[PDB]
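Working notes, structure below.
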Amino acid sequence: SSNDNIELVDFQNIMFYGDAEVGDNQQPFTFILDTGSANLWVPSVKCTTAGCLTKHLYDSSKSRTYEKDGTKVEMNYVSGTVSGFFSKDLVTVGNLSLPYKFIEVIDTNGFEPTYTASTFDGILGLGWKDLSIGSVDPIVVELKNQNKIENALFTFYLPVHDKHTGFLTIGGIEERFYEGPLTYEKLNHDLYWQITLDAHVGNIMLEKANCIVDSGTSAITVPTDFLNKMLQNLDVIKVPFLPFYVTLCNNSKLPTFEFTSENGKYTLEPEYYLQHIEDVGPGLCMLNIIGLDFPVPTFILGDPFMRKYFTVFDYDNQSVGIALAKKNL
Ligand SMILES: Cc1cccc(C)c1OCC(=O)N[C@@H](Cc1ccccc1)[C@@H](O)C[C@H](Cc1ccccc1)NC(=O)[C@H](C(C)C)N1CCCNC1=O
Ligand SMILES: C[C@H](CCC(=O)NCCC[N+](C)(C)CCCS(=O)(=O)[O-])[C@H]1CC[C@H]2[C@@H]3[C@H](O)C[C@@H]4C[C@H](O)CC[C@]4(C)[C@H]3C[C@H](O)[C@]12C
Ligand SMILES: C[C@H](CCC(=O)NCCC[N+](C)(C)CCCS(=O)(=O)[O-])[C@H]1CC[C@H]2[C@@H]3[C@H](O)C[C@@H]4C[C@H](O)CC[C@]4(C)[C@H]3C[C@H](O)[C@]12C
Numbered sequence: 003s004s005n006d007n008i009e010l011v012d013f014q015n016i017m018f019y020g021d022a023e024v025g026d027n028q029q030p031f032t033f034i035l036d037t038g039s040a041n042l043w044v045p046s047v048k049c050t051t052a053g054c055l056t057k058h059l060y061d062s063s064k065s066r067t068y069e070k071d072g073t074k075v076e077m078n079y080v081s082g083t084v085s086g087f088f089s090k091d092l093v094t095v096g097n098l099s100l101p102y103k104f105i106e107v108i109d110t111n112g113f114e115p116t117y118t119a120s121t122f123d124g125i126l127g128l129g130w131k132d133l134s135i136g137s138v139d140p141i142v143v144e145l146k147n148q149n150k151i152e153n154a155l156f157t158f159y160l161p162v163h164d165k166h167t168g169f170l171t172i173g174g175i176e177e178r179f180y181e182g183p184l185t186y187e188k189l190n191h192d193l194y195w196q197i198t199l200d201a202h203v204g205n206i207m208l209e210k211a212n213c214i215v216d217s218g219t220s221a222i223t224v225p226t227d228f229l230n231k232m233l234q235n236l237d238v239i240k241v242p243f244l245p246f247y248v249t250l251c252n253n254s255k256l257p258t259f260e261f262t263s264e265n266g267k268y269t270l271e272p273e274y275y276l277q278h279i280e281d282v283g284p285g286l287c288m289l290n291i292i293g294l295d296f297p298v299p300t301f302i303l304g305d306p307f308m309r310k311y312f313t314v315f316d317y318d319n320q321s322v323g324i325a326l327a328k329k330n331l
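Reading the sequence shown from the start, the letters are residues 3 to 331 in the deposited numbering.
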């Protein structure tokens, strides 16, 4: 009764992948696991783009349980876009497996140069029902309505460079994951794992500002103007043309993000957002922070933030629970 989960592997510290399998043959696929996208895709063997020639492709021939919606699709991210068509089939996960409506992909063209650069094969969305293209029911919620899960939640324990592995468990909470009390944050929404936190860094603040908690984002994002107020006299330096900064790893001026709610207070310290890049130069870190202006002032608590806090996404309680992870194995 050790619960079900999936092994998810640190990729150099930037981001992580859980491998999973569509088709009764459990056809291989390495994925991104994104809270924020509500749809899962994989690249068909009918794929016509150079992108695809890199990792594993779906042949629906080889599936016994294959059904075809056949309706043409185009999945859009901010990072770019994959397009294909809709299909059905069962998809196993850890010890658990069911029949799902998913987007067979045949076109990476507009997801380069990042996809053909990556190792992951498709993006398992983990988002919300009303946000699915083609009306799709989220996985975790199906495992409940199908009584296959003990609660309709999913729990994210993220890995660390050469330190320990990571585990997305789906139903119940594994205690060995966190120390200090889980704090639940209400969704200020009904399509997105986003809450209302009061983000400060030094003199600078924002208060009552949507914070998205996205598994498929490998940075913090910050309102551009807030990020500028942030960097005033801090001895960091934008890369030319790229919206990324670099700095000495030792830079003592690098702040500590602090987030307040009525309920709980959370904090990010440089070591979690600094990204060593010796590859360039000595004790030279890249910041893992991007400036990004929505219409309403918003942050995105991604890999750095999560790799800090054990984090639980409960559909039924329309909340994200947060507490501090453990050190190692
Ligand atoms: C879900 C959705 C709804 C409406 C509109 C759009 C554009 C929507 O999709 C946007 C979206 O999900 N983007 C992010 C978060 C989001 C939601 C809304 C607006 C903006 C962002 C995130 O969740 C997933 C998305 C896709 C992705 C692509 C390649 C590898 C991994 C992930 N990842 C990224 O874009 C991220 C950064 C740049 C945000 N990213 C880029 C690569 C490398 N790693 C990384 O961290
Ligand atoms: C999402 C934001 C853009 C926000 C914005 O607001 N930018 C204007 C959009 C253009 N228009 C004005 C025409 C929109 C339509 C008009 S409208 O007025 O309707 O909005 C853009 C700006 C810079 C972009 C990143 C960098 O590239 C580097 C990198 C390249 C990879 O490959 C993919 C990942 C990554 C991290 C990129 C992600 C994302 O992509 C970023 C954050
Ligand atoms: C973008 C459109 C609205 C149309 C629009 O954008 N109308 C004008 C605004 C001005 N712009 C921002 C275009 C100026 C760009 C100037 S530029 O300098 O780029 O040229 C709106 C409509 C619904 C919105 C999403 C949902 O809520 C769910 C979710 C909430 C999170 O919290 C943030 C992510 C997400 C996916 C939202 C993103 C975005 O918010 C959407 C697509």
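Ideal Cβ placement from N, Cα and C applies to all residues, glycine included.
### Message
Considering only DSSP beta bridges, list what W43 is partnered with.
### Response
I105
### Query
Whose C-alpha, out of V322, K329 and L331, is nearest the C-alpha of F156?
Comparing alpha-carbon positions, the option among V322, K329 and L331 lying closest to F156 turns out to be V322.
### Query
Comparing the CB of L289 with every heavy atom of ligand 2, is any distance shorter than 7 Å?
no
### Query
When the Cα of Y311 is compared with those of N27, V24, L42 and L160, which residue comes out closest?
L160
### Query
Any chance the CB of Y247 is under 7 Å from a heavy atom of ligand 3?
no
### Query
In chain order, what residues of the same chain lie with their CB nearer than 8 Å to the CB of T258, ignoring the 5 residues before and after it?
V203, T269, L270, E271 and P272
#### Entry: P242 Cβ short of 7 Å to ligand 3 heavy atom set
no
### Query
What did DSSP end up calling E273 once you bin it into helix, strand or coil?
helix
### Message
Strictly closer than 7 Å from CB to any heavy atom of ligand 3: give me those residues in the order they appear in the chain.
### Response
The chain-ordered list of residues whose CB is nearer than 7 Å to some heavy atom of ligand 3 reads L133, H191, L193, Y194, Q196, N212, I214, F296, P297, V298 and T300.
### Message
Using 8 Å as the cut-off, can you tell me whether the region 229 to 241 makes contact with the region 277 to 285, which would need three or more C-beta pairs spanning the two stretches below that distance?
### Response
no
### Query
Can you tell me whether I151 is buried or exposed, with buried defined as 16 or more other CB within 10 angstroms of its CB?
buried
#### Entry: Limits of the alpha helix (DSSP H) - the one that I141 falls within
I141 to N147
### Query
With respect to 7 Å, is the separation between the Cβ of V75 and the closest non-hydrogen atom of ligand 5 below this value?
No copy of ligand 5 appears in this structure; the ligands present are ligand 1, ligand 2 and ligand 3.
### Query
Between the region 105 to 114 and the region 32 to 51, do at least 3 Cβ pairs fall closer than 8 Å?
yes
#### Entry: Burial state of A119 (16 or more Cβ within 10 Å)
Around the beta carbon of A119, a 10 Å sphere encloses fewer than 16 other beta carbons of the protein chains shown; the residue is thus reported as exposed.
### Query
Per DSSP, what kind of secondary structure is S4 in: helix, strand or coil?
coil
### Task
From the DSSP output, in three-state form, read off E177 for me.
helix
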